[PDB]
């Protein structure tokens, strides 16, 4: 199946790798719940014209809280301690670790995260429906092809890499469209608003690039390096969690700050 089950069925996990991963994943969903309350409670601070962004952030928080909670429970319940060896091994009586929860989260959140910026910034020469459709089509194809490649993570590294490269092509199209959105959105707003948009662009670029980084984490030191191990599992789930918080919560906070700044003439 996946790299997590592979390690869990062969080498097992140290108490530390199992506990660290349970805690990071728990922090992930905990932050989404806090984010949910923040976006609901702050909806009254922005003008009505911009409230769709707060609404879409709130919906992303529900998606991410529920699905990361389900992933967290799946992690903790999938491995059981062996006293002889002193490690956690995959439990054949369990469901086994499943990355489906995260990929479904991506399928839901990606279209809403890309769409929500179009309720805060104004385009100039691009059409709203064109940009929206390109975001949605490429976003969906990114996640779908990456999901396909994930099936080959352990069994066929070649297909894993090829499908990931196909997915990356759609990713680069998204980055290209978003860069245009940001540049049109900077036209005729105040310098304070332009500086927030510049920050949004940088946050977007870095935080979205973390996802492919985590997808490749166990192979980033070769076919038998330091990360082809429980340490690469830990690193993968840490980087996902940093990306989750950044791409969903911080991105949303910054858009709301942009909407407040735009209310000032």
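Positions refer to the first chain, counted from 1. Here, rigid core means the biggest group of C-alpha atoms that superpose within 1.5 Å across both forms.
- Put simply, when the other structures in 6 other deposited structures of this protein are lined up on the rigid core, the C-alpha atoms of 6-14 lie farther off than those of the other stretch, from 6-14 and 242-250.
- Of the two segments examined, 10-18 and 246-254, it is 10-18 that shows the higher average Cα temperature factor in the deposited entry.
- Once the C-alpha B-factors are averaged per stretch, 225-233 and 63-71 rank with 225-233 first.
- In this structure the maximum Cα B-factor among 188, 191, 146, 100 is found at 188.
- As recorded in the entry, 150 carries the highest CA temperature factor of 150, 168, 130, 105.
- Per the PDB record, residue ranking by Cα B-factor puts residue 213 in the middle third of the chain.
- Sort the chain's modelled residues by C-alpha temperature factor and residue 1 lands in the highest third, per the entry.
- The entry lists a Cα temperature factor for residue 196 that places it in the lowest third of the chain's modelled residues.
- Residue 115: CA B factor in the lowest third of modelled residues in this chain (values from the PDB entry).
- Among the modelled residues of its chain, residue 80 has a C-alpha B-factor that falls in the highest third, as given in the PDB entry.
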